[PDB]
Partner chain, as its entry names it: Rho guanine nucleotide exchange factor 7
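One chain comes next, on its own, written as structure tokens: the form deposited without its partner chain.
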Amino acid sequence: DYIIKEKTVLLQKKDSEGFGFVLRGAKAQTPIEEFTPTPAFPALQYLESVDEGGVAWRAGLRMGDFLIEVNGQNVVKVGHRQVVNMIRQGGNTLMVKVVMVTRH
């Protein structure tokens, strides 16, 4: 039985800083296939690391958070490259909907 805790947070940063988090893939997907979300892995991208005291950190984001939406756009099946580009477009403002999965 899974418990998925969801929330939408707003990240606001300065021009000379980053959002303070690193994104990686959930599993070792094969490039010849689309990602299939499951309760344990609801999104292709997840936060692999968050700098303590950084923008993402202060907003409540933590390692383990799965990325569901970027600036109102669903990115559950979207790759790293596109997500980075999407985040760039937003400049110093980034809205993300994330989920933390628990209880196995």
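Positions refer to the first chain, counted from 1. Rigid core: the largest C-alpha set superposing within 1.5 Å between the two forms.
Below, we refer to the form deposited with its partner chain bound, which is not included among the displayed structures.
Contact annotation: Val84 falls within 4.5 Å of its partner chain in the deposited bound form, judged by heavy atom distances.
The shortest heavy atom separation between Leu10 and its partner chain in the deposited bound form exceeds 4.5 Å. The shortest heavy atom separation between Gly25 and its partner chain in the deposited bound form is within 4.5 Å. Under a 4.5 angstroms non-hydrogen atom cutoff, its partner chain in the deposited bound form has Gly18 among its neighbouring residues. In the deposited bound form, no residue of 52-71 lies within 4.5 Å of its partner chain by any heavy atom. Rigid-core fit between this form and the one not shown: of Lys77, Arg58, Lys27, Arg62, the one residue whose Cα shifts 2 angstroms or more is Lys27.
In the deposited bound form, the CA atoms of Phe41 and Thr30 move farther apart by at least 3 angstroms compared with the shown structure.
The gap between the Cα atoms of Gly60 and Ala26 is larger in the deposited bound form, by no less than 3 Å, than in this form.
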